[PDB]
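K.L.:
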Amino acid sequence: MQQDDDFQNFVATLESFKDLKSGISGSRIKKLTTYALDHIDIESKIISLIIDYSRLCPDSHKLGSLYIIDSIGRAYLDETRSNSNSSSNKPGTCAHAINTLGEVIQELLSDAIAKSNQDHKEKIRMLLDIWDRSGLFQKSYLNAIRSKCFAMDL
Amino acid sequence: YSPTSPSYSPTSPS
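Line order of the protein sequences matches chains A and B. With PDB author numbering applied, the first sequence has no gaps in its numbers, which climb one by one up to 154 at the end. With PDB author numbering applied, the second sequence has no gaps in its numbers, which climb one by one up to 168 at the end.
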């Protein structure tokens, strides 16, 4: 790697994601997740960037950001689940990244479904269905859709 | 081909 492969890859990839319409290509998700998971030395910066990336951008990017938050979130969750407070010090990092998404996931989901059509809705329903199917998540931690109405009532 | 490149789903982040 070189000095040209710094946070520039994450930003430039998310920017190229915003520059395009339709399609949620996994390559851009791979670059984002790659630079995040490469060393985990940045949490609130990466998280503020993807959340606000969804915030400032159209519908395709609400869905796209849900898939980005999904990959980095699940990867963070497994990586910090593999760790323990008896083998780590100084709170922060991916643990706090998930904790920070935990304050916006409610509006990210509820808007991403309300902005969606039957197809994108069903995709968001499938995303949360896979979260529940994986057993990596539990009840009272997914109410984010402002209760089942959104994609779960139909 | 598909609308994604490479293909990706909530099944696995990696």
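For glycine and all other residues, C-beta sits at the position ideal for the given N, C-alpha and C.
So is residue 152 of chain A in contact with chain B if we call contact Cβ pairs under 9 Å?
P.N.:
No, its Cβ sits nowhere closer than 9 Å to a Cβ of chain B.
K.L.:
Classify residue 64 of chain A as buried or exposed, calling it buried when 16 or more other Cβ atoms lie within 10 Å of its own Cβ.
P.N.:
It is buried - the Cβ of residue 64 of chain A has at least 16 other Cβ atoms within 10 Å.
K.L.:
Starting from residue 96 of chain A, trace the alpha helix (DSSP H) both ways and give me its first and last residue.
P.N.:
Residue 96 of chain A -> alpha helix (DSSP H) spans 93–101.
K.L.:
As a quick exercise: from A:90, A:142 and A:148, pick the residue whose alpha carbon is nearest that of residue 114 of chain A.
P.N.:
Cα-wise, what sits closest to residue 114 of chain A is A:148.
K.L.:
Could you check whether residue 37 of chain A and residue 76 of chain A sit closer than 9 Å to each other, using their CB atoms as the reference points?
P.N.:
Yes.
K.L.:
Would DSSP call residue 71 of chain A helix, strand or coil?
P.N.:
Residue state, collapsed to three classes: helix.
K.L.:
Using C-beta distances below 6 Å, list every residue in its chain close to residue 97 of chain A, excluding the 5 sequence neighbours before and after it, in chain order.
P.N.:
The answer, listed in chain order, is 43, 47 and 76.
K.L.:
Verify the CB distance criterion: does residue 109 of chain A have a CB-CB separation below 9 Å to chain B?
P.N.:
No, its Cβ sits nowhere closer than 9 Å to a Cβ of chain B.
K.L.:
Grouping DSSP H, G and I as helix and E and B as strand, with all else coil, what is residue 4 of chain A?
P.N.:
Helix at residue 4 of chain A.
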